[PDB]
$ cat target_19.cif   # mmCIF, C-alpha atoms and all ligand atoms
data_query
loop_
_atom_site.label_atom_id
_atom_site.label_comp_id
_atom_site.auth_asym_id
_atom_site.auth_seq_id
_atom_site.Cartn_x
_atom_site.Cartn_y
_atom_site.Cartn_z
CA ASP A 2 -23.16 4.65 32.57
CA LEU A 3 -21.32 2.86 35.41
CA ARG A 4 -17.60 3.26 36.24
CA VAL A 5 -14.76 0.87 35.41
CA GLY A 6 -11.24 0.88 36.87
CA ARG A 7 -11.90 4.00 38.97
CA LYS A 8 -11.72 6.53 36.14
CA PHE A 9 -13.37 5.05 33.06
CA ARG A 10 -17.05 5.81 32.36
CA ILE A 11 -19.07 3.53 30.11
CA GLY A 12 -21.02 5.30 27.37
CA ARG A 13 -23.04 4.22 24.36
CA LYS A 14 -22.86 0.68 23.01
CA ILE A 15 -20.87 -0.16 19.86
CA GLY A 16 -21.40 -2.98 20.64
CA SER A 17 -22.68 -6.56 21.05
CA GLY A 18 -21.02 -9.97 20.56
CA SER A 19 -20.77 -13.63 21.64
CA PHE A 20 -18.18 -13.02 24.36
CA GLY A 21 -19.93 -9.90 25.63
CA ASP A 22 -20.48 -6.28 24.63
CA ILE A 23 -18.14 -3.45 23.63
CA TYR A 24 -18.83 0.18 24.57
CA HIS A 25 -17.58 3.68 24.04
CA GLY A 26 -15.89 4.78 27.25
CA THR A 27 -14.42 7.97 28.65
CA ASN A 28 -11.49 8.66 30.94
CA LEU A 29 -13.08 11.07 33.44
CA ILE A 30 -9.78 12.72 34.27
CA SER A 31 -8.27 13.26 30.82
CA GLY A 32 -11.41 13.19 28.67
CA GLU A 33 -9.82 10.61 26.35
CA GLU A 34 -12.27 8.44 24.40
CA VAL A 35 -11.49 4.73 24.81
CA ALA A 36 -13.17 1.38 24.20
CA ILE A 37 -14.56 -0.74 27.02
CA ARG A 38 -15.39 -4.41 26.68
CA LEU A 39 -17.64 -6.24 29.16
CA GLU A 40 -18.11 -9.93 29.84
CA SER A 41 -20.58 -11.37 32.32
CA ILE A 42 -18.83 -13.25 35.11
CA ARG A 43 -21.61 -15.84 34.82
CA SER A 44 -20.37 -16.66 31.31
CA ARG A 45 -19.89 -20.39 30.72
CA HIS A 46 -16.83 -19.87 28.52
CA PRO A 47 -14.94 -16.82 29.84
CA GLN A 48 -12.57 -15.29 27.25
CA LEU A 49 -12.08 -11.65 28.20
CA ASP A 50 -9.56 -12.31 30.96
CA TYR A 51 -7.45 -14.43 28.63
CA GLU A 52 -7.53 -11.80 25.87
CA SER A 53 -6.59 -9.01 28.27
CA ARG A 54 -3.58 -11.01 29.36
CA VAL A 55 -2.50 -11.61 25.77
CA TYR A 56 -3.04 -7.90 25.02
CA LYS A 57 -0.87 -7.09 28.01
CA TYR A 58 1.92 -9.38 26.84
CA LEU A 59 1.76 -7.81 23.35
CA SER A 60 1.60 -4.26 24.75
CA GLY A 61 3.84 -1.76 22.97
CA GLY A 62 3.80 -3.35 19.52
CA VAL A 63 3.04 -1.09 16.57
CA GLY A 64 -0.59 -1.58 15.53
CA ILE A 65 -1.47 -3.49 18.71
CA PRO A 66 -4.33 -1.73 20.55
CA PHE A 67 -2.93 -0.56 23.87
CA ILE A 68 -4.68 -2.03 26.91
CA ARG A 69 -5.22 0.50 29.75
CA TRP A 70 -6.95 -1.58 32.41
CA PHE A 71 -8.57 -4.92 32.97
CA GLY A 72 -10.19 -6.68 35.88
CA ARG A 73 -13.42 -7.13 37.78
CA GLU A 74 -16.27 -4.68 38.19
CA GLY A 75 -19.28 -6.27 39.93
CA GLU A 76 -21.02 -8.76 37.66
CA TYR A 77 -18.62 -8.03 34.79
CA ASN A 78 -15.13 -8.79 33.60
CA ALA A 79 -13.99 -5.51 32.00
CA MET A 80 -11.24 -4.36 29.66
CA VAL A 81 -10.33 -0.81 28.72
CA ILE A 82 -8.40 -0.41 25.48
CA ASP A 83 -7.75 1.98 22.58
CA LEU A 84 -10.81 3.06 20.63
CA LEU A 85 -10.37 1.97 17.01
CA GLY A 86 -12.06 2.70 13.68
CA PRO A 87 -13.72 0.55 10.99
CA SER A 88 -12.64 -2.97 10.18
CA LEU A 89 -11.27 -3.88 6.77
CA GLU A 90 -14.51 -5.82 6.14
CA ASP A 91 -16.45 -2.60 6.94
CA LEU A 92 -14.28 -0.67 4.50
CA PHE A 93 -14.56 -3.48 1.95
CA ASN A 94 -18.34 -2.95 2.00
CA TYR A 95 -17.93 0.82 1.76
CA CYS A 96 -15.89 0.24 -1.42
CA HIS A 97 -18.55 -2.18 -2.72
CA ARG A 98 -16.44 -5.25 -2.07
CA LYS A 99 -13.37 -4.81 -4.24
CA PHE A 100 -10.03 -3.17 -3.41
CA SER A 101 -7.46 -1.78 -5.86
CA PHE A 102 -4.08 -3.47 -6.23
CA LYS A 103 -2.52 -0.43 -4.57
CA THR A 104 -4.76 -0.61 -1.50
CA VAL A 105 -4.25 -4.39 -1.18
CA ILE A 106 -0.49 -4.03 -1.47
CA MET A 107 -0.43 -1.34 1.22
CA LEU A 108 -2.61 -3.36 3.58
CA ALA A 109 -0.42 -6.42 2.95
CA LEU A 110 2.76 -4.56 3.89
CA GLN A 111 1.30 -3.44 7.23
CA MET A 112 -0.40 -6.76 8.00
CA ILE A 113 2.76 -8.80 7.43
CA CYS A 114 4.50 -6.53 10.01
CA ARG A 115 1.65 -7.02 12.53
CA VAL A 116 1.75 -10.79 12.16
CA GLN A 117 5.54 -10.67 12.37
CA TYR A 118 5.40 -8.71 15.66
CA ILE A 119 2.85 -11.14 17.17
CA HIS A 120 5.01 -14.14 16.21
CA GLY A 121 8.03 -12.31 17.62
CA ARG A 122 6.14 -12.36 20.94
CA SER A 123 5.77 -16.16 20.71
CA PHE A 124 2.05 -16.04 19.86
CA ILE A 125 0.05 -17.03 16.79
CA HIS A 126 -3.30 -15.30 16.14
CA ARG A 127 -5.20 -18.29 14.65
CA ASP A 128 -8.20 -16.19 13.60
CA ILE A 129 -6.83 -14.03 10.77
CA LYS A 130 -9.73 -12.46 8.84
CA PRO A 131 -10.80 -8.98 7.60
CA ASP A 132 -13.04 -8.36 10.63
CA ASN A 133 -10.01 -8.60 12.91
CA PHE A 134 -8.05 -5.79 11.27
CA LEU A 135 -9.21 -2.26 12.12
CA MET A 136 -7.94 1.18 11.14
CA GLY A 137 -7.20 3.77 13.82
CA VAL A 138 -9.52 6.69 14.52
CA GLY A 139 -8.67 10.22 13.46
CA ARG A 140 -5.07 10.73 12.43
CA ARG A 141 -4.31 7.08 13.22
CA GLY A 142 -6.69 6.12 10.40
CA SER A 143 -3.72 5.08 8.28
CA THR A 144 -2.48 2.40 10.69
CA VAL A 145 -3.83 -1.14 10.45
CA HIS A 146 -4.38 -2.64 13.88
CA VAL A 147 -5.00 -6.28 14.87
CA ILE A 148 -7.75 -7.32 17.34
CA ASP A 149 -9.49 -10.39 18.76
CA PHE A 150 -6.83 -12.49 20.49
CA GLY A 151 -9.31 -14.85 22.16
CA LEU A 152 -8.22 -17.76 19.96
CA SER A 153 -4.53 -16.86 20.11
CA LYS A 154 -1.99 -19.28 21.46
CA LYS A 155 1.64 -19.51 22.57
CA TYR A 156 3.41 -21.47 19.78
CA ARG A 157 6.81 -21.52 21.53
CA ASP A 158 8.42 -21.29 24.99
CA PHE A 159 9.25 -17.66 25.89
CA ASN A 160 12.83 -18.44 26.90
CA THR A 161 13.92 -21.50 24.94
CA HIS A 162 11.92 -20.78 21.77
CA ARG A 163 11.11 -24.51 21.73
CA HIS A 164 8.18 -24.92 19.33
CA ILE A 165 4.98 -26.64 20.45
CA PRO A 166 4.82 -30.24 19.19
CA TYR A 167 3.18 -31.37 15.95
CA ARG A 168 -0.33 -32.72 16.44
CA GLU A 169 -3.35 -33.85 14.40
CA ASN A 170 -7.12 -34.38 14.77
CA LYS A 171 -7.62 -30.84 16.04
CA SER A 172 -11.15 -29.51 15.63
CA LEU A 173 -12.11 -26.40 13.66
CA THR A 174 -14.28 -23.69 15.26
CA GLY A 175 -15.34 -20.68 13.21
CA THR A 176 -16.12 -19.79 9.67
CA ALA A 177 -13.26 -21.42 7.84
CA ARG A 178 -13.41 -19.08 4.85
CA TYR A 179 -9.85 -17.93 5.53
CA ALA A 180 -8.58 -21.05 7.28
CA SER A 181 -5.42 -22.73 6.00
CA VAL A 182 -5.54 -26.11 4.29
CA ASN A 183 -3.64 -27.64 7.25
CA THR A 184 -6.16 -26.22 9.75
CA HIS A 185 -8.93 -27.96 7.73
CA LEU A 186 -6.91 -31.19 7.88
CA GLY A 187 -6.83 -30.92 11.67
CA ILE A 188 -3.14 -30.06 11.99
CA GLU A 189 -1.90 -28.04 14.96
CA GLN A 190 -1.73 -24.44 13.77
CA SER A 191 1.65 -22.70 13.64
CA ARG A 192 3.08 -19.47 12.20
CA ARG A 193 2.61 -20.51 8.53
CA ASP A 194 -1.16 -20.74 9.01
CA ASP A 195 -1.58 -17.09 10.08
CA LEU A 196 0.24 -16.10 6.91
CA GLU A 197 -1.76 -18.43 4.66
CA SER A 198 -4.99 -16.91 6.05
CA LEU A 199 -3.59 -13.46 5.31
CA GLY A 200 -2.98 -14.69 1.74
CA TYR A 201 -6.62 -15.64 1.25
CA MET A 202 -7.70 -12.20 2.52
CA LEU A 203 -5.52 -10.49 -0.10
CA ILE A 204 -7.04 -12.58 -2.89
CA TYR A 205 -10.50 -11.96 -1.44
CA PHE A 206 -9.84 -8.22 -1.41
CA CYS A 207 -8.54 -8.19 -4.99
CA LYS A 208 -11.11 -10.39 -6.68
CA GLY A 209 -14.12 -9.60 -4.53
CA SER A 210 -14.64 -13.13 -3.23
CA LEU A 211 -13.13 -16.56 -2.63
CA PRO A 212 -14.44 -19.50 -4.69
CA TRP A 213 -15.54 -21.50 -1.62
CA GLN A 214 -17.87 -18.84 -0.27
CA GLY A 215 -21.58 -19.30 0.24
CA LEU A 216 -21.50 -23.08 0.56
CA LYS A 217 -24.21 -25.02 2.32
CA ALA A 218 -24.08 -28.42 3.92
CA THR A 219 -26.08 -30.74 6.12
CA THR A 220 -23.52 -30.61 8.97
CA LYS A 221 -20.64 -28.35 10.07
CA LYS A 222 -18.05 -30.98 9.30
CA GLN A 223 -19.45 -31.55 5.82
CA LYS A 224 -19.28 -27.81 5.12
CA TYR A 225 -15.71 -27.50 6.43
CA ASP A 226 -14.71 -30.49 4.28
CA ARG A 227 -16.38 -29.02 1.18
CA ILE A 228 -14.36 -25.86 1.73
CA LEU A 229 -11.23 -27.96 2.26
CA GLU A 230 -11.84 -29.83 -1.00
CA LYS A 231 -12.08 -26.62 -3.01
CA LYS A 232 -8.97 -25.15 -1.33
CA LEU A 233 -7.10 -28.38 -2.08
CA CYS A 234 -8.38 -29.00 -5.59
CA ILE A 235 -8.48 -25.53 -7.13
CA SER A 236 -4.90 -24.72 -8.27
CA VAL A 237 -3.06 -21.65 -6.99
CA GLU A 238 -3.05 -20.49 -10.63
CA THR A 239 -6.81 -20.65 -10.92
CA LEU A 240 -7.21 -19.19 -7.42
CA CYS A 241 -4.96 -16.24 -8.36
CA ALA A 242 -6.22 -15.78 -11.94
CA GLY A 243 -6.10 -12.10 -12.88
CA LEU A 244 -3.56 -11.25 -10.18
CA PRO A 245 0.14 -10.33 -10.58
CA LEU A 246 2.46 -13.28 -10.01
CA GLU A 247 3.37 -12.08 -6.48
CA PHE A 248 0.00 -13.18 -5.13
CA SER A 249 0.37 -16.83 -6.20
CA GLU A 250 4.04 -16.68 -5.17
CA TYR A 251 2.88 -15.53 -1.70
CA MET A 252 0.46 -18.47 -1.51
CA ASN A 253 2.89 -21.12 -2.77
CA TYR A 254 5.35 -19.93 -0.12
CA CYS A 255 2.87 -20.26 2.75
CA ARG A 256 1.62 -23.68 1.59
CA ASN A 257 5.23 -24.93 1.39
CA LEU A 258 6.30 -23.88 4.91
CA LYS A 259 6.99 -26.71 7.37
CA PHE A 260 5.20 -26.91 10.74
CA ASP A 261 7.85 -25.36 13.07
CA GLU A 262 9.54 -23.21 10.42
CA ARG A 263 10.25 -19.49 10.90
CA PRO A 264 8.74 -17.52 8.02
CA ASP A 265 10.86 -15.16 5.90
CA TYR A 266 8.68 -12.08 6.60
CA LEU A 267 11.02 -9.72 4.74
CA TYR A 268 10.93 -11.90 1.62
CA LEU A 269 7.12 -11.66 1.72
CA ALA A 270 7.15 -7.89 2.30
CA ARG A 271 9.56 -7.53 -0.64
CA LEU A 272 6.99 -9.28 -2.86
CA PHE A 273 4.54 -6.45 -2.48
CA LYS A 274 7.13 -3.69 -2.19
CA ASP A 275 8.69 -4.82 -5.50
CA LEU A 276 5.23 -5.01 -7.05
CA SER A 277 4.24 -1.49 -5.98
CA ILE A 278 7.42 -0.23 -7.69
CA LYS A 279 6.61 -2.06 -10.94
CA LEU A 280 3.09 -0.61 -10.73
CA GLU A 281 4.41 2.89 -9.88
CA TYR A 282 2.50 3.20 -6.61
CA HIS A 283 3.67 5.38 -3.76
CA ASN A 284 3.37 3.95 -0.25
CA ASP A 285 1.45 7.11 0.63
CA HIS A 286 -1.32 5.74 2.91
CA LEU A 287 -3.91 6.90 0.37
CA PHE A 288 -6.38 3.99 0.49
CA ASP A 289 -9.36 3.50 -1.84
CA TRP A 290 -11.82 4.59 0.84
CA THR A 291 -9.71 7.66 1.60
CA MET A 292 -10.00 8.89 -1.97
CA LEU A 293 -13.62 7.80 -2.55
CA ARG A 294 -14.63 9.60 0.66
CA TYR A 295 -12.84 12.77 -0.40
CA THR A 296 -14.30 12.68 -3.91
CA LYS A 297 -17.83 12.21 -2.56
CA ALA A 298 -17.58 15.18 -0.20
CA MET A 299 -16.65 17.47 -3.08
CA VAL A 300 -19.45 16.08 -5.25
CA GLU A 301 -22.07 16.60 -2.56
CA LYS A 302 -21.15 20.30 -2.52
CA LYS A 338 -27.42 4.61 -3.96
CA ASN A 339 -25.66 1.96 -6.06
CA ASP A 340 -25.84 4.36 -8.99
CA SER A 341 -24.62 7.30 -6.91
CA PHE A 342 -21.55 5.37 -5.78
CA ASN A 343 -20.68 4.51 -9.37
CA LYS A 344 -20.63 8.18 -10.30
CA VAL A 345 -18.42 9.05 -7.33
CA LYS A 346 -16.13 6.15 -8.15
CA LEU A 347 -15.90 7.25 -11.78
CA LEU A 348 -14.77 10.75 -10.73
CA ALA A 349 -12.39 9.33 -8.15
CA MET A 350 -10.80 7.07 -10.74
CA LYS A 351 -10.41 10.03 -13.10
CA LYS A 352 -8.81 12.31 -10.50
CA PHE A 353 -6.64 9.51 -9.15
CA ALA A 354 -6.07 7.61 -12.40
CA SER A 355 -2.69 6.15 -11.44
CA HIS A 356 -4.04 4.80 -8.10
CA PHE A 357 -7.06 2.74 -9.15
CA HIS A 358 -6.19 -0.51 -10.91
CA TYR A 359 -8.43 -3.54 -10.50
CA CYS A 360 -8.33 -7.25 -11.07
CA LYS A 361 -10.29 -8.37 -14.14
CA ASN A 362 -11.97 -11.59 -13.05
CA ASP A 363 -12.35 -12.80 -16.64
CA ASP A 364 -8.53 -12.92 -16.85
CA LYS A 365 -7.01 -16.41 -16.87
CA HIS A 366 -3.41 -15.26 -16.58
CA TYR A 367 -1.18 -13.22 -14.30
CA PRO A 368 -1.28 -9.72 -15.84
CA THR A 369 2.06 -7.97 -16.47
CA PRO A 370 2.72 -4.66 -14.68
CA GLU A 371 2.46 -2.80 -17.99
CA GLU A 372 -0.82 -4.59 -18.67
CA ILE A 373 -2.17 -3.33 -15.32
CA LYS A 374 -0.81 0.19 -15.75
CA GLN A 375 -2.84 0.48 -18.98
CA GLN A 376 -5.82 1.14 -16.70
CA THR A 377 -4.33 4.53 -15.88
CA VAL A 378 -5.02 5.63 -19.46
CA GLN A 379 -8.50 4.09 -19.34
CA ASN A 380 -9.27 5.94 -16.08
CA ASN A 381 -8.35 9.30 -17.58
CA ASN A 382 -10.37 8.61 -20.75
CA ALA A 383 -13.69 8.42 -18.88
CA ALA A 384 -16.17 11.32 -18.72
CA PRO A 389 -19.77 18.46 -17.68
CA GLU A 390 -19.20 20.89 -14.79
CA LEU A 391 -18.83 17.97 -12.38
CA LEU A 392 -15.47 16.86 -13.83
CA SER A 393 -14.36 20.48 -13.34
CA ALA A 394 -15.67 20.71 -9.76
CA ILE A 395 -13.43 17.92 -8.40
CA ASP A 396 -10.10 19.44 -9.50
CA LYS A 397 -10.91 22.40 -7.26
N1 LIG A 401 -10.89 -1.46 20.39
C1 LIG A 401 -11.98 -1.29 19.61
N2 LIG A 401 -12.41 -0.05 19.30
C2 LIG A 401 -13.49 0.16 18.53
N3 LIG A 401 -14.24 -0.83 18.01
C3 LIG A 401 -13.92 -2.13 18.24
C4 LIG A 401 -12.75 -2.45 19.07
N4 LIG A 401 -12.69 -3.80 19.12
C5 LIG A 401 -13.73 -4.29 18.39
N5 LIG A 401 -14.46 -3.29 17.87
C6 LIG A 401 -15.68 -3.35 17.01
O1 LIG A 401 -16.87 -3.54 17.78
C7 LIG A 401 -17.83 -4.27 17.01
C8 LIG A 401 -18.31 -5.45 17.84
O2 LIG A 401 -17.17 -6.27 18.08
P1 LIG A 401 -17.27 -7.74 18.72
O3 LIG A 401 -18.71 -7.96 19.15
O4 LIG A 401 -16.17 -7.97 19.73
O5 LIG A 401 -16.98 -8.67 17.44
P2 LIG A 401 -18.11 -9.66 16.86
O6 LIG A 401 -19.35 -8.79 16.79
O7 LIG A 401 -17.55 -10.06 15.52
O8 LIG A 401 -18.19 -10.79 17.86
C9 LIG A 401 -17.12 -4.77 15.76
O9 LIG A 401 -17.60 -4.02 14.65
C10 LIG A 401 -15.65 -4.47 15.97
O10 LIG A 401 -15.07 -4.00 14.74
#

$ encode --input "target_19.cif" --output "structure tokens" --more "lines below"
Ligand SMILES: Nc1ncnc2c1ncn2[C@@H]1O[C@H](COP(=O)(O)OP(=O)(O)O)[C@@H](O)[C@H]1O
Amino acid sequence: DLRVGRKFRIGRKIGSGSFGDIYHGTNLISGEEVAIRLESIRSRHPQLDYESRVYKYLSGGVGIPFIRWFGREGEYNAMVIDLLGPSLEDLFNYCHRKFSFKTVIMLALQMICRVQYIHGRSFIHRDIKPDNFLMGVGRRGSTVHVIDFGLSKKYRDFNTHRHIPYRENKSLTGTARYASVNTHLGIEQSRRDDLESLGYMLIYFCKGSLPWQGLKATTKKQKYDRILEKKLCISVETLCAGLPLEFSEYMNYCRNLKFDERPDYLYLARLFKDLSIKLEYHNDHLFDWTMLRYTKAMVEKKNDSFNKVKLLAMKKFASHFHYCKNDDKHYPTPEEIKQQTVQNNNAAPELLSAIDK
């Protein structure tokens, strides 16, 4: 309950982590709810100061949490920033670990823009994963935000745009579930790698998992290298089985980019915009969790309970909920996928009547 940056009061924890804790905070003058991150100054590997400085440099971008204050408060490095909502991994779990094509397409459109803005500010993220994308709170709940810039890096000179040099034998640090093949190989990360990681997330979201998940090994390196072998040896076709051709096209593009090459962000956005048209989706910010949450509220006026809610939701929103069929070996046609609209309507008392109201 101490004060930070004169006017920010620390409240309840949100909260804990490896680089410190994150708290609810309040601006004592305006009453605005914010987020406050703390890092012990006795930390052996300080990261908060770095992140705050990246956040400052990125300040003003759409979907970049807006830093309000950072500095020193006694025994703590502190950072005051926008309060955000659930992560996409959180929402993935809420939806029982599968997203519709529509929701994945809509996330992809926003996330490509976020990554584009970050690259436009001469930084690469280097830690692209579902946990690092959060929705806004309240009415900002339709905007995907990017967080966690502790591993981010300048990939080019601010004035000359001279790219950092090519390099090998770089070490790998985290879970490498979403890491690019070239990261695994020890190559200096560049813009392409952020986008490849984004690609794996999309496939993850669609299919419910990646085929190199849940591996065990005797050492970290062995595990990393087992993941690398699967990424390398499983074809893009197999990887993207059951998904419209855009998803494998997205992946082939990222894997084919050269080290210092500027990505064609608009080409990639057009992939998913064109697909949403073929699938007759509106870009209406109506995500799976939005509609499941609404449906549930009306019903209430645990695995088995969810399935009933989901059934009603898919009936009321038949044209919105299309899913990958993981037994598929091919890329389904748009008309193939849209056939699920009919199936959704054909599913089945007073409860079906209640929801319309
Ligand atoms: N600006 C923010 N507003 C609200 N919640 C946040 C913000 N930044 C991170 N979080 C959330 O706080 C929780 C703890 O985050 P943190 O400890 O930094 O990550 P991790 O636990 O993965 O190391 C996470 O669930 C994360 O989604």

$ closest_residue --input "target_19.cif" --among "A:169, A:34, A:74, A:132" --to "ligand LIG 401 (chain A)" --atoms "only C-alpha atoms and all ligand atoms"
A:132

$ residues_near_ligand --input "target_19.cif" --ligand "ligand LIG 401 (chain A)" --cutoff "7 Å" --atoms "only C-alpha atoms and all ligand atoms" --output "list in words"
residues 15, 16, 17, 18, 19, 20, 21, 22, 23, 36, 66, 82, 83, 84, 85, 86, 87, 88, 132, 135 and 148 of chain A

$ axis_aligned_box --input "target_19.cif" --around "segment 43-48 of chain A" --padding-each-side "4 Å" --output "JSON"
{"center_x": -17.1, "center_y": -17.8, "center_z": 31.0, "size_x": 17.0, "size_y": 13.1, "size_z": 15.6}

$ residues_around --input "target_19.cif" --residues "residue 227 of chain A" --least-positions-apart "6" --cutoff "9 Å" --atoms "only C-alpha atoms" --output "MDAnalysis selection string"
chainID A and resid 213 216:218

$ atom_distance --input "target_19.cif" --atom1 "atom CA of residue 242 of chain A" --atom2 "atom CA of residue 364 of chain A"
6.1 Å

$ residues_near_point --input "target_19.cif" --point "(-0.1, -3.9, 0.5)" --cutoff "12 Å" --atoms "all atoms listed in the file" --output "mmCIF file with C-alpha atoms, in the frame of the given file"
data_model
loop_
_atom_site.group_PDB
_atom_site.id
_atom_site.type_symbol
_atom_site.label_atom_id
_atom_site.label_comp_id
_atom_site.auth_asym_id
_atom_site.auth_seq_id
_atom_site.Cartn_x
_atom_site.Cartn_y
_atom_site.Cartn_z
ATOM 1 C CA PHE A 100 -10.030 -3.170 -3.410
ATOM 2 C CA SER A 101 -7.460 -1.780 -5.860
ATOM 3 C CA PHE A 102 -4.080 -3.470 -6.230
ATOM 4 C CA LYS A 103 -2.520 -0.430 -4.570
ATOM 5 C CA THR A 104 -4.760 -0.610 -1.500
ATOM 6 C CA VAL A 105 -4.250 -4.390 -1.180
ATOM 7 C CA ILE A 106 -0.490 -4.030 -1.470
ATOM 8 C CA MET A 107 -0.430 -1.340 1.220
ATOM 9 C CA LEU A 108 -2.610 -3.360 3.580
ATOM 10 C CA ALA A 109 -0.420 -6.420 2.950
ATOM 11 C CA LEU A 110 2.760 -4.560 3.890
ATOM 12 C CA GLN A 111 1.300 -3.440 7.230
ATOM 13 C CA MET A 112 -0.400 -6.760 8.000
ATOM 14 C CA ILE A 113 2.760 -8.800 7.430
ATOM 15 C CA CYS A 114 4.500 -6.530 10.010
ATOM 16 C CA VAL A 145 -3.830 -1.140 10.450
ATOM 17 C CA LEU A 199 -3.590 -13.460 5.310
ATOM 18 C CA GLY A 200 -2.980 -14.690 1.740
ATOM 19 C CA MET A 202 -7.700 -12.200 2.520
ATOM 20 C CA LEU A 203 -5.520 -10.490 -0.100
ATOM 21 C CA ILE A 204 -7.040 -12.580 -2.890
ATOM 22 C CA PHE A 206 -9.840 -8.220 -1.410
ATOM 23 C CA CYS A 207 -8.540 -8.190 -4.990
ATOM 24 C CA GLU A 247 3.370 -12.080 -6.480
ATOM 25 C CA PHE A 248 0.000 -13.180 -5.130
ATOM 26 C CA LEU A 269 7.120 -11.660 1.720
ATOM 27 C CA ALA A 270 7.150 -7.890 2.300
ATOM 28 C CA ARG A 271 9.560 -7.530 -0.640
ATOM 29 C CA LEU A 272 6.990 -9.280 -2.860
ATOM 30 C CA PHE A 273 4.540 -6.450 -2.480
ATOM 31 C CA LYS A 274 7.130 -3.690 -2.190
ATOM 32 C CA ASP A 275 8.690 -4.820 -5.500
ATOM 33 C CA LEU A 276 5.230 -5.010 -7.050
ATOM 34 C CA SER A 277 4.240 -1.490 -5.980
ATOM 35 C CA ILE A 278 7.420 -0.230 -7.690
ATOM 36 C CA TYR A 282 2.500 3.200 -6.610
ATOM 37 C CA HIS A 283 3.670 5.380 -3.760
ATOM 38 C CA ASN A 284 3.370 3.950 -0.250
ATOM 39 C CA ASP A 285 1.450 7.110 0.630
ATOM 40 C CA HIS A 286 -1.320 5.740 2.910
ATOM 41 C CA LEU A 287 -3.910 6.900 0.370
ATOM 42 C CA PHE A 288 -6.380 3.990 0.490
#

$ closest_residue --input "target_19.cif" --among "A:185, A:338, A:346, A:10" --to "residue 24 of chain A" --atoms "all atoms listed in the file"
A:10

$ closest_residue --input "target_19.cif" --among "A:78, A:60, A:184, A:172" --to "residue 119 of chain A" --atoms "only C-alpha atoms"
A:60

$ atom_distance --input "target_19.cif" --atom1 "atom CA of residue 120 of chain A" --atom2 "atom CA of residue 164 of chain A"
11.7 Å

$ atom_distance --input "target_19.cif" --atom1 "atom CA of residue 59 of chain A" --atom2 "atom CA of residue 124 of chain A"
8.9 Å

$ residues_around --input "target_19.cif" --residues "residue 57 of chain A" --least-positions-apart "4" --cutoff "9 Å" --atoms "only C-alpha atoms" --output "MDAnalysis selection string"
chainID A and resid 52:53 61 67:69

$ residues_around --input "target_19.cif" --residues "residue 226 of chain A" --least-positions-apart "4" --cutoff "9 Å" --atoms "all atoms listed in the file" --output "VMD selection string"
chain A and resid 185 to 186 221 to 222 230 to 231

$ closest_residue --input "target_19.cif" --among "A:356, A:38, A:171, A:73" --to "residue 291 of chain A" --atoms "all atoms listed in the file"
A:356

$ closest_residue --input "target_19.cif" --among "A:12, A:137, A:368, A:121" --to "residue 162 of chain A" --atoms "only C-alpha atoms"
A:121

$ residues_around --input "target_19.cif" --residues "residue 261 of chain A" --least-positions-apart "2" --cutoff "10 Å" --atoms "only C-alpha atoms" --output "VMD selection string"
chain A and resid 156 to 157 163 to 167 190 to 193 258 to 259 263 to 264

$ closest_residue --input "target_19.cif" --among "A:280, A:189, A:362, A:182" --to "residue 241 of chain A" --atoms "all atoms listed in the file"
A:362

$ decode --input "target_19.cif" --residues "segment 80-112 of chain A" --atoms "C-alpha atoms" --output "PDB file, in the first residue's frame"
ATOM      1  CA  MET A  80       6.877   0.926 -13.552  1.00  0.00           C
ATOM      2  CA  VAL A  81       3.367   2.311 -13.874  1.00  0.00           C
ATOM      3  CA  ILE A  82       1.500   1.314 -17.022  1.00  0.00           C
ATOM      4  CA  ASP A  83      -1.990   0.673 -18.438  1.00  0.00           C
ATOM      5  CA  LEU A  84      -4.022  -1.975 -16.654  1.00  0.00           C
ATOM      6  CA  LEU A  85      -4.853  -4.726 -19.157  1.00  0.00           C
ATOM      7  CA  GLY A  86      -7.199  -7.712 -19.296  1.00  0.00           C
ATOM      8  CA  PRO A  87      -6.741 -11.462 -19.859  1.00  0.00           C
ATOM      9  CA  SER A  88      -4.038 -12.919 -22.058  1.00  0.00           C
ATOM     10  CA  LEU A  89      -4.887 -14.912 -25.164  1.00  0.00           C
ATOM     11  CA  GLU A  90      -3.651 -18.041 -23.326  1.00  0.00           C
ATOM     12  CA  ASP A  91      -6.130 -17.205 -20.504  1.00  0.00           C
ATOM     13  CA  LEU A  92      -8.918 -16.851 -23.046  1.00  0.00           C
ATOM     14  CA  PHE A  93      -7.754 -19.999 -24.843  1.00  0.00           C
ATOM     15  CA  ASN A  94      -8.350 -21.897 -21.591  1.00  0.00           C
ATOM     16  CA  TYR A  95     -11.724 -20.223 -21.093  1.00  0.00           C
ATOM     17  CA  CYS A  96     -12.711 -21.526 -24.536  1.00  0.00           C
ATOM     18  CA  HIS A  97     -11.368 -24.993 -23.645  1.00  0.00           C
ATOM     19  CA  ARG A  98      -8.294 -24.645 -25.821  1.00  0.00           C
ATOM     20  CA  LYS A  99      -9.624 -24.218 -29.340  1.00  0.00           C
ATOM     21  CA  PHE A 100     -10.496 -21.023 -31.232  1.00  0.00           C
ATOM     22  CA  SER A 101     -12.806 -20.681 -34.245  1.00  0.00           C
ATOM     23  CA  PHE A 102     -11.380 -19.729 -37.635  1.00  0.00           C
ATOM     24  CA  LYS A 103     -13.135 -16.380 -37.282  1.00  0.00           C
ATOM     25  CA  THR A 104     -11.545 -15.580 -33.916  1.00  0.00           C
ATOM     26  CA  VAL A 105      -8.087 -16.687 -35.129  1.00  0.00           C
ATOM     27  CA  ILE A 106      -8.387 -14.579 -38.273  1.00  0.00           C
ATOM     28  CA  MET A 107      -9.383 -11.512 -36.253  1.00  0.00           C
ATOM     29  CA  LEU A 108      -6.555 -11.973 -33.761  1.00  0.00           C
ATOM     30  CA  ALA A 109      -4.124 -12.467 -36.655  1.00  0.00           C
ATOM     31  CA  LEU A 110      -5.142  -9.198 -38.314  1.00  0.00           C
ATOM     32  CA  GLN A 111      -4.520  -7.215 -35.115  1.00  0.00           C
ATOM     33  CA  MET A 112      -1.327  -9.065 -34.168  1.00  0.00           C
TER      34      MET A 112
END
